[PDB]
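The chain below stands alone and is given as structure tokens, in the form deposited without adenosine-5'-diphosphate (ADP).
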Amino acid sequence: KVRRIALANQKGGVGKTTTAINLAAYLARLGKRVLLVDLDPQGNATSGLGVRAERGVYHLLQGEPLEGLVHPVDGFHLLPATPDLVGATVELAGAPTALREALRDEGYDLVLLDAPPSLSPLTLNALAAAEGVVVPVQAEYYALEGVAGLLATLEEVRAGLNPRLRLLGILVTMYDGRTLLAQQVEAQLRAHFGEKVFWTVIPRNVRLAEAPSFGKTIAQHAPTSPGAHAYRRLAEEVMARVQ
């Protein structure tokens, strides 16, 4: 049963964090108890939610209880990241199952882990603790090789650190509807990865791009904008795959 979902890609980007934030927002609206964990030392998800805490995931790995670290936001709970997270990576290196053993989130239906790019010990800890992975990529030709690399990594992590790790799906984000180039890249992603690619595609849209600067989810910022409708649908497609 997929309960923990890691959001990860090779190069990171706004699409990944925007996906973590909004997937969480809509899964919550579907009536799910959801925990979003910002595992990036940069704290993009945390900042994208207008949160400013001095206690975060580092303390979770540092022993301090979860219930007193989570911040309620837009219907779900966030375990924030701080510039303190950086410390644990030095030590998490060589300790891949750290996060997993420290994630006493049995009280949630779904747990989303916003992993940093470039496979750092934090990214690895996310992959070692998750059961499903959503790979958010931009509609650019590099995504073909970028995804291939990440899938090979997932295979190796499944084989040596986490047997229940599986790809939930590849998500095309920042689809530039102004061009036909976007169409061509998507077509090639589907031709090469097939059913692994979600049918729901997130469009490039001004309101979606600005939501993080406002520190609000797209549901809060512009609930009827194209990106909001797409993320609402994605939550449904993600639940369909989980089931």
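All residue numbers refer to positions in the sequence shown, first residue = 1.
We do not show the form solved in complex with adenosine-5'-diphosphate (ADP), though everything after this point is about it.
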Exercise for the section: Run the site superposition, bring adenosine-5'-diphosphate (ADP) over from its position in the deposited bound form, and let me know if the shown form is open or blocked under the 3-atom, 2.4 Å backbone or C-beta criterion. Expected result: blocked
Exercise for the section: Taking 4.5 Å between heavy atoms as the contact cutoff, choose which of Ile202, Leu39, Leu49, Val34 touches adenosine-5'-diphosphate (ADP) in the deposited bound form. Expected result: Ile202
Exercise for the section: Identify whether adenosine-5'-diphosphate (ADP) in the deposited bound form is within 4.5 Å of every residue in the set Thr18, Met174 and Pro212, based on non-hydrogen atoms. Expected result: yes
Practice task
Among 26-34, 203-211, 55-63, 184-192, mark the stretch whose residues have heavy atoms within 4.5 Å of adenosine-5'-diphosphate (ADP) in the deposited bound form.
Solution key: 203-211
